[PDB]
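Participant: Below is one structure. I have some questions about it.
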Amino acid sequence: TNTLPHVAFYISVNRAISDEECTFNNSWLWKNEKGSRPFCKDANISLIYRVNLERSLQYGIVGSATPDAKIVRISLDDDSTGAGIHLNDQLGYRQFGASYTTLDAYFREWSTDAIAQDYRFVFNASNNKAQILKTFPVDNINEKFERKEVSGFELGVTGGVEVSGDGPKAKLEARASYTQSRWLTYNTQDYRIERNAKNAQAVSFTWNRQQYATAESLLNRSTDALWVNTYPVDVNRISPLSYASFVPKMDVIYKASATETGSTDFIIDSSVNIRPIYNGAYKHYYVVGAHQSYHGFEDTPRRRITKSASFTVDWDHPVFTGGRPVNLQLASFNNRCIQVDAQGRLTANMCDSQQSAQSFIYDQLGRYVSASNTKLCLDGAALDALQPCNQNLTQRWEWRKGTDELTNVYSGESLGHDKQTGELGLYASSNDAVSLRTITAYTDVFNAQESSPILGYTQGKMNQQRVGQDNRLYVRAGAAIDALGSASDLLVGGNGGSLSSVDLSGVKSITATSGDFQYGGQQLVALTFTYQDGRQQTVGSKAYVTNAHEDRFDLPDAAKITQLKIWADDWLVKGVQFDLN
Amino acid sequence: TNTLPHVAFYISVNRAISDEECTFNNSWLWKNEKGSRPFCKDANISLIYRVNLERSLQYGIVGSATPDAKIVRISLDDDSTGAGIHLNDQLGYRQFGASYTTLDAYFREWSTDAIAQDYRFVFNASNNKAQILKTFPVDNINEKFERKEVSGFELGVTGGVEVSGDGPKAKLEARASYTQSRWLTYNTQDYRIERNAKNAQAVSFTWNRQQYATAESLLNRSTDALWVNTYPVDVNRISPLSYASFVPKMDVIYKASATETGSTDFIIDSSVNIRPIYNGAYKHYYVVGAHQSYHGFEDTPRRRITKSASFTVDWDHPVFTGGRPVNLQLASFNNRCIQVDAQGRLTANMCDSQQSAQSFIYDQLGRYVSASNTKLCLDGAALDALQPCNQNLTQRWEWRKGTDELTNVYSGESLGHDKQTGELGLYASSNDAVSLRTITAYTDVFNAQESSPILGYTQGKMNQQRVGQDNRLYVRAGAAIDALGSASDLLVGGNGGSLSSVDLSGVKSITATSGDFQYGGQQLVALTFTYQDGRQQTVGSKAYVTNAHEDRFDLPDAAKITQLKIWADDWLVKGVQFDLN
Amino acid sequence: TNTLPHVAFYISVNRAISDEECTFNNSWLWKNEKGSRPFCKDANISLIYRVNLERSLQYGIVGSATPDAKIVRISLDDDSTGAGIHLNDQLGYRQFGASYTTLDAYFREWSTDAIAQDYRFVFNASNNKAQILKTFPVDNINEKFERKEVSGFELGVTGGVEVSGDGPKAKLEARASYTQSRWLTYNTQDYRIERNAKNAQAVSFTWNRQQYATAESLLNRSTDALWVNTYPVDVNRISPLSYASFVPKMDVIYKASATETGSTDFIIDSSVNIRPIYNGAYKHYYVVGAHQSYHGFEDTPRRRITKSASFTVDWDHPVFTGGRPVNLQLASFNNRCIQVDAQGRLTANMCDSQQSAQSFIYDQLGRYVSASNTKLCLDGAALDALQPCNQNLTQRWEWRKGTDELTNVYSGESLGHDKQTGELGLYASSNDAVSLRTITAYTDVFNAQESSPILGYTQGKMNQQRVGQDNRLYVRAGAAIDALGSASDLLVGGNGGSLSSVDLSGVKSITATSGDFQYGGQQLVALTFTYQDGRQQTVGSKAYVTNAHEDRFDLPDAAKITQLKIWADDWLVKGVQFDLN
């Protein structure tokens, strides 16, 4: 119980994929002729990330070889992966024939159940306070190549003897050959890890198909007779890594400067790029004969499924101080602990070991440092308030062995407290009003507050705005949400909506709907606010959108909405996150 | 708290690449007809180096098998790499056709999105006080080769029997062959680590393309009919190691002599050599038939992006002493510590554990050595000033067990101090004016001061000049800066500029601009000094430079510029670094 | 602080390569017609060896399984390599054409930038006192070979049926083949480590090219049309190990007998064998047609660059005793230590822990052995001088626990010393004139004296001569130095020079010039002695040397030249080394 501190918690990422989200044209050549059908059954995304916050050094260690910095770790390894990604259980096909007269054109088209074209994962920093330190894999694949050069020559002499009715013959023949060939050999994987770093704050890992990446390459036939009609996609070539179940492996480790303060958000985008398979047959008619050839379609439609979860980290968190905090508890009272406010006034409140402000770090020099703000220390010169920390002899404390008398190094006096009010003070000996007994114990301030889900799509610029004093939210509402903000002058987004105000007090849940807007793009279209008392109110319209998805955010009891994060470009809002506390 | 000391700090290297810097001719054969367009979108350079300073032996260890020397380490490994280098997210292409009629010439030309021809990293020593000790990789690739010699002979006898209307025939035929072929096999990588050591002070690592290094080799076709028009660069061959994201891995460890003093700088240069891809088509017209052949262009333009960061190391730094310094603190006062000036006078100042002059090293013999200058020691014969260190018996100190009385080995007397002035003295026993209590603690003098950025390009000879007493910076400026200096006689650079004077007092920030000068080469063109008052000032002109890049330098509050580093050859200034404090 | 002792120090080997030394004829067939040009730009040699001196057993350990011997280690490993060897940064070429009429001869010749034909490293022992113990690699490569014998037979029967206007035919044909081939497979490296051991005192390591070792093998073409004119050397085949940067890996470990005394020098030769590449084209004219063939030149010129560095080891050094020396210090005085002269008289001088004569080794039996000469011991029978060591009971000492009274085992008396003169003596109790307090401490006698550089070339027999009483150096002056020596009768070398005399007193620096002598070979040509007065002095002439190289030697202030090492055979002087102090 003297090693590094750690804060660990999970992020569950769940997003069911509706069958309607998997609706695609039953044919690529004949879109409007034959209609549409689902391509994935009960698709689901379920991963479980692990988050670790840790300072790279213990508090008070000077001269260590590992640079002093604050480390945020987001990882997936053997110890925690999650259910995976699912799209189907087995691949079937429906065959389509030419309705019109076909002689020199395509006349048969095949639809193959959906496969995962590529898995995409995105990590984003909310501001510039964080930087990317190291990643796993450390690099993209640095392929190894093998070459061969084969050369040589061949000599041959031929002796032939023929006897027939015509007469004896004789042939002596000579041959001289030369050969030369160059070989090339390299390894490719079924899925290739493509690392992508847009800038110092964001790095994205893309599992992309490399082998069998084209509908062209999935065929096991090239030409066949006209009367042979069979499924030409050798489905054994599609490995179960593509449609059955997949799980990634990645590590990202952010760092923050030594004295960075404030806040920073992290966004984790898990996404699978669904792409059905289309294969068509080509009929060729020339004078001499008739045959049939196949082709592969490459520019078939692709639809992307996105689910996002975020979590907030404060650099002022106690864990980043790198020590194991303890509290000073006055033993005269049944339950009284020393607590420090923002300005440094010392009072004795009710003990609550999960409250950061009541924790102190015990260093090598014997000083007590306030856990929530490492620049304030306990000083014996004026014990009614904390003081700036320095090398003063009056700020060192030692425990007398075998008892609980807390002593001051400088003057030899002890630490004492009022038996009734909790005021600290220095005393050489006890009396009927001052007790010297003080007890210390380790505290649990390493809980991580859970993070609220995100609603919508996480694209474009992100803004952060605090809720106003009136606790009312301004929404510009039309066919889709135009803008959001805490005041009528702080709207970011559209202008065609209807101005209104919705009370955020007592909100029991929020129902957000997002999807493909009728005019274009993906937008947030509908928000339904339900209160714990039972009344409801709805803004926006739910009837001008297709491929909609429903996300729900249930506030725990007795909470107040405090911050609004707005995902919006110049036109419309694509996402919004409601923080608590 | 007893092992080797270490000083560690990070270097962040960020440099956004403007789209303008990525502008290239849309075609190589037809420059002026078709124009230009960007070739890389949102390119960025972001690496994070780790710097370690350490002495290879602890202080006071004699005759250890590792030679005594001072070690400076600059490295990138799995523990810290950074975001990497980015140029594009996927490679597109635009196709171009012949505007005029072509019969036997090139008539189709292709432009491929930019790829990284080679990555380059450069390390430079500022003077000859440092040498390169070891590097990783230790050596270039020492390829292994495999040879085969295949030889043999073949015999064949043929019996032929024919029956026809002409008559029965009979043929007995003999063959005898000889074969010989020689094989060659070797391994090549997609990128080949080329180590380059210009001299003992500078070594550079060049990641260079080896396989698929020519626009010739990227083609998957050689000949095709005139009517077939498709993109002929098999883009699957370009591995994601070239354009998506790349991260190096190398170590450089410098060494400095045992008693070297003064200062020495290091320069770290990250550079990615952007090179677009050009492919052309050849139409051949001969009498018998008509066909089309491809070619690869090798002399395509290349443009180099450079970002440089530096840091300064003083061989007199406390960490290079190889011990863990402590300080002697007088206990009578609340806050008084022993401090030594330049000449060795001893006075009691305010304690500041980060001040090097107040730190002392505790060796094996029991001597106290001043950490700031290891040639001075504490001596009991004349305790008001430090003396040259030797084997004198009066320079050894031992702590009395269970108390804090500092004793002298020679006479048995103790260490004493004035209760009011802090004057040291020898006393056999205490009194009302002299107290014997002294307290010791470990000190944090291992912080590393942050390093100022470099403005411009780091090429040519480098000069270092102290800021003058008047705090005036002389700039001989024209279209670009001709020279810089601290006095009218110490201008290094050109002479065609008009002499001027800019005051360096109260500089709040510096705006530097660099790029390709109109006449030739890459120069520094304009500097805009911002004062805390709010007034600005301009030297040079920004109207005669293309492909310019902008860098900014923000000084901390209340600081004085003290050193000027000038990058300039005989003609013009290529870069300048403003050291602080 | 009880394990093996060690002495470690670095040897820096720096040698700039002038562009003039890289001058070669621009063509091989046409020497005088075309002229000459540089072939290497900014070439440099920079390695850093590590030297370790150690005795294989701790002092006093009897019968250990490792044989008792003195070990000298010279090595290069991953922990210390140096910058490497550099010749060029990229390989360019210049093309030459025939100025005269060429029908059946060469008509085009190519010059390729220089590459390192072979790297060479040489270790020499100065006398027979040292032998080679083990080396890394332990042996040359013991190649592994793979053989295959392929044999078999093939049968074939052919049935042919023809219908034509002539009439139906029928053929039944039989074939029977036999095959046999033998394979051979072996591995070769781009550079092959060739170990070379001339005698027991000298072993040399030669990195020699094995694959692509001939200008013949560098060609990727054999025949081509007369109108095709392109560079025919496939430059990709030249691995960056040859011209970019190279670093060796070797270990040499000398041993010396148990009681060897005197001195011995070691010579370390680093040399890179520069060799340009020449390729020519062959035009062949025969009646039927005309074609062009290539050839490889093998007898191309080679020029060798040599840099030598040496260091001196004395077997009488304290470290070779294999213990950790300590010293006896009298506590009555402020600063007095026991010191032993050449003959063994004991006097109390000023302590200097780096002086070998004041160190003593503490063995298992409790004897004190003088570190400077392990045959002398401290004895209590006659305590004013050291005695030959044996098993006498009066030569054992034990410390009384808890105090510093040094006791004698035999009589029970203590070690005593005069309070004023430092004379040792035996006493049972103290008085006003004799004090018993003695203090012991570890000493730093493991510093290694710096080694002086070598001027010139290290070839031929080596001689060593002490500087005479007059401190005058005899030089035979001509076009080059004929001989050197400390007296007119002690000249080693030639006799054709003019006799002269030069003073060696107050020499602040020496300027040595060496290179290719006009008459033949490589000689030392000129020496310019610089005094403290600033005036110079010239012996020899600089007008008879081409491709000369300049080496410099700067002495420390207030130094005396004491030994002359002369590198010269019977004709002329090739090198000279001036030992310092």
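By convention in this document, the chains of the structure tokens carry letters A, B, ... by their order, each chain's residues are numbered from 1, and ligands are numbered from 1 in the order they are shown.
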Residues of stretch 458-530 of chain C in strand (DSSP E or B) according to DSSP, as a ChimeraX atom specification?
Facilitator: /C:462-466,472-477,483-485,492-493,498-503,507-517,522-530
Participant: For chain A versus chain B, which residues have an atom no more than 7 Å away, and what is each residue's nearest atom pair and distance in Å rounded to one decimal, using only C-alpha atoms, chain-then-number order, as JSON lines?
Facilitator:
{"residue": "A:62", "atom": "CA", "partner": "B:444", "partner_atom": "CA", "distance": 6.0}
{"residue": "A:63", "atom": "CA", "partner": "B:6", "partner_atom": "CA", "distance": 4.7}
{"residue": "A:64", "atom": "CA", "partner": "B:6", "partner_atom": "CA", "distance": 5.5}
{"residue": "A:65", "atom": "CA", "partner": "B:6", "partner_atom": "CA", "distance": 5.0}
{"residue": "A:66", "atom": "CA", "partner": "B:8", "partner_atom": "CA", "distance": 6.6}
{"residue": "A:67", "atom": "CA", "partner": "B:8", "partner_atom": "CA", "distance": 4.7}
{"residue": "A:132", "atom": "CA", "partner": "B:82", "partner_atom": "CA", "distance": 5.6}
{"residue": "A:133", "atom": "CA", "partner": "B:82", "partner_atom": "CA", "distance": 4.7}
{"residue": "A:134", "atom": "CA", "partner": "B:80", "partner_atom": "CA", "distance": 5.2}
{"residue": "A:138", "atom": "CA", "partner": "B:78", "partner_atom": "CA", "distance": 6.7}
{"residue": "A:139", "atom": "CA", "partner": "B:247", "partner_atom": "CA", "distance": 5.9}
{"residue": "A:140", "atom": "CA", "partner": "B:241", "partner_atom": "CA", "distance": 5.6}
{"residue": "A:141", "atom": "CA", "partner": "B:241", "partner_atom": "CA", "distance": 6.8}
{"residue": "A:142", "atom": "CA", "partner": "B:190", "partner_atom": "CA", "distance": 6.3}
{"residue": "A:143", "atom": "CA", "partner": "B:190", "partner_atom": "CA", "distance": 5.8}
{"residue": "A:144", "atom": "CA", "partner": "B:189", "partner_atom": "CA", "distance": 4.9}
{"residue": "A:145", "atom": "CA", "partner": "B:188", "partner_atom": "CA", "distance": 5.2}
{"residue": "A:146", "atom": "CA", "partner": "B:187", "partner_atom": "CA", "distance": 4.7}
{"residue": "A:147", "atom": "CA", "partner": "B:185", "partner_atom": "CA", "distance": 5.8}
{"residue": "A:148", "atom": "CA", "partner": "B:185", "partner_atom": "CA", "distance": 4.5}
{"residue": "A:149", "atom": "CA", "partner": "B:184", "partner_atom": "CA", "distance": 5.2}
{"residue": "A:150", "atom": "CA", "partner": "B:183", "partner_atom": "CA", "distance": 4.9}
{"residue": "A:151", "atom": "CA", "partner": "B:181", "partner_atom": "CA", "distance": 5.5}
{"residue": "A:152", "atom": "CA", "partner": "B:181", "partner_atom": "CA", "distance": 3.7}
{"residue": "A:153", "atom": "CA", "partner": "B:180", "partner_atom": "CA", "distance": 5.8}
{"residue": "A:154", "atom": "CA", "partner": "B:179", "partner_atom": "CA", "distance": 4.5}
{"residue": "A:155", "atom": "CA", "partner": "B:178", "partner_atom": "CA", "distance": 5.1}
{"residue": "A:156", "atom": "CA", "partner": "B:177", "partner_atom": "CA", "distance": 4.1}
{"residue": "A:157", "atom": "CA", "partner": "B:176", "partner_atom": "CA", "distance": 5.7}
{"residue": "A:158", "atom": "CA", "partner": "B:175", "partner_atom": "CA", "distance": 4.6}
{"residue": "A:159", "atom": "CA", "partner": "B:174", "partner_atom": "CA", "distance": 5.0}
{"residue": "A:160", "atom": "CA", "partner": "B:173", "partner_atom": "CA", "distance": 4.2}
{"residue": "A:161", "atom": "CA", "partner": "B:172", "partner_atom": "CA", "distance": 5.5}
{"residue": "A:162", "atom": "CA", "partner": "B:171", "partner_atom": "CA", "distance": 4.3}
{"residue": "A:163", "atom": "CA", "partner": "B:170", "partner_atom": "CA", "distance": 5.3}
{"residue": "A:164", "atom": "CA", "partner": "B:169", "partner_atom": "CA", "distance": 4.3}
{"residue": "A:165", "atom": "CA", "partner": "B:167", "partner_atom": "CA", "distance": 6.4}
{"residue": "A:194", "atom": "CA", "partner": "B:240", "partner_atom": "CA", "distance": 6.2}
{"residue": "A:195", "atom": "CA", "partner": "B:245", "partner_atom": "CA", "distance": 6.0}
{"residue": "A:196", "atom": "CA", "partner": "B:245", "partner_atom": "CA", "distance": 5.2}
{"residue": "A:197", "atom": "CA", "partner": "B:83", "partner_atom": "CA", "distance": 5.7}
{"residue": "A:198", "atom": "CA", "partner": "B:86", "partner_atom": "CA", "distance": 6.4}
{"residue": "A:199", "atom": "CA", "partner": "B:44", "partner_atom": "CA", "distance": 5.9}
{"residue": "A:200", "atom": "CA", "partner": "B:83", "partner_atom": "CA", "distance": 5.3}
{"residue": "A:203", "atom": "CA", "partner": "B:83", "partner_atom": "CA", "distance": 6.9}
{"residue": "A:365", "atom": "CA", "partner": "B:441", "partner_atom": "CA", "distance": 6.8}
{"residue": "A:391", "atom": "CA", "partner": "B:351", "partner_atom": "CA", "distance": 6.1}
{"residue": "A:392", "atom": "CA", "partner": "B:335", "partner_atom": "CA", "distance": 5.0}
{"residue": "A:393", "atom": "CA", "partner": "B:334", "partner_atom": "CA", "distance": 5.6}
{"residue": "A:394", "atom": "CA", "partner": "B:334", "partner_atom": "CA", "distance": 6.7}
Participant: Which residues of stretch 356-459 of chain A come within 12 Å of stretch 560-571 of chain A, and for each one, what is the closest pair of atoms and their distance in Å to one decimal, counting only C-alpha atoms, sorted by chain and residue number, as JSON lines?
Facilitator:
{"residue": "A:452", "atom": "CA", "partner": "A:561", "partner_atom": "CA", "distance": 10.9}
{"residue": "A:453", "atom": "CA", "partner": "A:565", "partner_atom": "CA", "distance": 11.5}
{"residue": "A:454", "atom": "CA", "partner": "A:565", "partner_atom": "CA", "distance": 9.2}
{"residue": "A:455", "atom": "CA", "partner": "A:567", "partner_atom": "CA", "distance": 9.6}
{"residue": "A:456", "atom": "CA", "partner": "A:567", "partner_atom": "CA", "distance": 8.6}
{"residue": "A:457", "atom": "CA", "partner": "A:567", "partner_atom": "CA", "distance": 7.7}
{"residue": "A:458", "atom": "CA", "partner": "A:567", "partner_atom": "CA", "distance": 6.4}
{"residue": "A:459", "atom": "CA", "partner": "A:567", "partner_atom": "CA", "distance": 6.7}
Participant: Quick one: distance from atom CA of residue B:421 to atom CA of residue B:348 in Å, one decimal?
Facilitator: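 These atoms are spaced 7.8 Å apart.
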Participant: So, with only C-alpha atoms as the atoms that count, which of C:373, C:367, C:218, C:287 lies closest to residue C:408?
Facilitator: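 Among the listed residues, C:367 lies closest to residue C:408.
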Participant: Can you work out the spacing between atom CA of residue A:434 and atom CA of residue A:344 in Å, to one decimal?
Facilitator: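 Atom CA of residue A:434 sits 22.9 Å away from atom CA of residue A:344.
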